[PDB]
């Protein structure tokens, strides 16, 4: 309910898989193979594997074939035979992957071992992106990973954001629910839970815990500025101090030096900043200067 | 509540990670590889690693691939398996990273060790920045850092801005709350707190402390001038002295030498300076000259 | 309150840090690398450090990369792990740093030792300056400086402006507040304060002192002339003597020789000088000639 | 970072900061406020004698 | 003769050893100036 939205469990993580493949069936919107040699080379490899040997040093210009990179996410506790979703991306001078089909492609880990096999039909949106697609249930798991879940008497809940008050809150909630000495905070990002030994008992424990509800404590005042997209966001802890501001073409609705009153809550901040009558573009510069001076009692992050 | 907004804890810091990667799936808005050799070279390295050896000295001109630098922030107390956010930036003659996908990329520290692995889909704003993007939960932590948190009987709260009165205020507040001899100010930027030995007790202590409330004392009078953006900010401690000012095209609304009365509070300052009727552009020069003369009883900082 | 606005403390100062870095992610507004060889050279160094060796003597023309100088201010009592603000400036034939990202950069002192590491996103104002930006909390402190604060029984308050009456006033105020023999004036710019031995007691002392209030004595009559910007400022001690003035195109509102009466206060000075009806441009020449003759009883400074 | 020498070619201050140009006005000249820090001190015989 | 020992034109040691700089005084400064003549 809530704890499952704040933490993850130690040992339950995702991995990444990558592979190379071919996409066939395009309407003449494939690679110009006279400039992507690996396309024709891998096509010859596949044909030879199937039983057809094309002579070397011959002319070959295709249009319905594209060379693609396939990426996938290996899920936790994955079992062989299950299915996952893959993303297919062009990799040389192709125009579109509109109605293509992905041929048999092995997906390797970082140790260069095959963990899944991918094949299916691509769904391109159809402005939109043409050289990228997604296949639903397009890969099947072939290898499984070992794990030490169920061994021991201790699991670790890892918070998504560091905080001491939050770790203490989660610890106190678990201790209030599941007995006196069930949890212990290690640092601002880990809670060590004692669980019975076994495999089903730990699942019962984690099922009971993951649905508990905790009240989030107030976080740090911060202001996020995304200059690339042109956006500004302020959480509900920002305050202000009375100070004067001047900027090009901005005036009182009075001269060019406008006042800004103190602001305790966020509504007061929004009101006092809207009083200046500035676009977000100028609001970025105003906020940077105010943080440098001392009015802005927040934490400016340029993302 | 407040102390967490003024200080940091010793040993709880962030680090930086950087790596090199490839972005595939672009709509013909990738590098012109005839002038970025490292793109094709690294693509050949990846293909060879996967099992395909492209002959050397061959023609290869791609359009859906771009070479990028990936940057990330290693968080405090990071545990392996968690996720962080990455920033992706083009590095040679690419047009856009609109719908690209980041391939498997290792993120190294300053000691050239792999601390995280990055892979995911890029979100470009879509004027806006095209050659820069951000991936949410795009990297997974692989290595952990050791730390000596929980060892000893002393932590250090490091203020964000140097001040003696502020350090003394924080010390007195902690001593008023958590017993007589709990805190001690070392200098204008450090408060040494005595904590019980252990790991959970220190978390309880820091959870109790970080949410205390202290009243900020008046800071130094200062005036920030950002000439690059064209902005001026004055905190609530600036005062003025009576003096005359003259500048091109400015007149009394009377000759060209205008008076400025004494000003104790900030409202009086704003009024007296708006009386001159000057844009911020001229206000910068007026303020510099006034600070050089002696009217402006503040601290001018050109940022 | 006031003393903190007039003096500094001996041993509490700032230092400067400088470093070289690269900025990536620009929209084709980076260096023209065929004329800035150090850009490509340092990019090759970074790639080689990461694990990719680009052959030498090859073509390489980038557009999304710029070479920059990073400057920062090492604050007093800085502790490792804290954060400071950096300024980023282009250094060869770049067009803009609009949406760039600063890669890992070490900031050296004057002894060529690394004191901070810088990395983050740049905020360019967006006429405005394009080739210069500022990053908030963009650097982290890595090295600390030793200091002898807290050792001895004597600190020095250093005035910001030399004056004997002012040093005597500060000394008398401290002696009136903190006991008979607590302070002693050494010269026009230093006050020697006796403090108890230790580290916390000196902080208590400096916290008590820095917030005291003293009444500033009248300074020297001076007139500041900034010919480059075209501005004139006169503090409240300037007086005048009766004399005649003539200048091109200026006349009585009567011939071309106009009278100027004696003026004791500043209002009389402003009135008598506005009577001549002259722009600041001519006011500069009039004031220079008057100071050369003997009317202007002030101190002319051309800044 | 710039060292400021006296007439004896000794470093007395170190200068670094942002320039404020007026913005007709002078473009090739600027002033930096608190742009230099003192590194060396001069001896003096103030306080000695009557 | 060529075996009779003669002294070279450039006498004495033809090399010098750098000396370690002084320990920096612990003021608040990074700039440390060795004793300047």
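By letter and in written order, the chains are A, B, C, D and E; residue numbering begins at 1 in each of them.
Basically, a contact is a pair of C-beta atoms (placed from the backbone, for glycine too) under 8 Å apart; a residue touches a chain by one contact, two chains touch by 3 or more.
After Cα superposition, the angle needed to carry subunit B onto subunit C is 15 degrees, rounded to a multiple of 5. Set against the Cα centre of subunit D, the chain with the most distant centre is A.
For A-B, the equivalent interface among the listed pairs B-C or A-C is B-C, as over half of the contact pairs agree by residue number. Averaging the CA coordinates per chain and comparing them to the mean over all protein CA atoms picks out B as nearest.
Subunit E has its Cα centroid 46 Å from the Cα centroid of subunit B.
Averaged C-alpha coordinates give centres for subunit C and subunit E that are 41 Å from one another.
Averaging C-alpha coordinates per chain places the centre of subunit B 22 Å away from that of subunit C. We define each chain's centre as the mean of its Cα atoms; on that basis subunit A and subunit C are separated by 43 Å.
Residues of subunit A in contact with at least two other chains: 227-228, 285, 288, 292, 299, 303. Annotation for subunit E: residues touching 2 or more other chains are 29, 31. The full set of touching chain pairs reads A-B, A-C, B-C, B-D, C-D, C-E, D-E.
Within the complex, the subunit D residues that touch subunit C are 1, 14, 16, 18, 21-22, 25-26, 29-31, 37, 44, 46-47. Per the touch definition, subunit D reaches subunit B in the complex via residues 17-23, 31-34.
Against subunit B, in their complex, subunit A makes its touches with residues 8, 10-16, 18-20, 34-38, 41-42, 45, 69, 71, 87, 89-95, 108, 110, 112, 129-132, 156, 158, 160, 162, 164-165, 167-168, 184-190, 217-218, 220-221, 226-230, 237, 241-248, 252, 254-259, 285-286, 288-290, 292-295, 297, 299, 303. Per the touch definition, subunit A reaches subunit C in the complex via residues 225, 227-228, 281, 284-285, 288, 291-292, 299-303. For subunit C in complex with subunit B, the touching residues are 1, 4-5, 12, 24-28, 43, 47, 49-50, 52, 54-55, 58-65, 75-82, 87, 98-101, 103-104, 117, 119, 121, 125, 128-129, 132, 134, 140, 147, 149-150, 199-200, 203-204, 206-207, 210-211, 219, 222-224, 226, 229-236, 266-267, 269-270, 273-281, 283, 301, 303.
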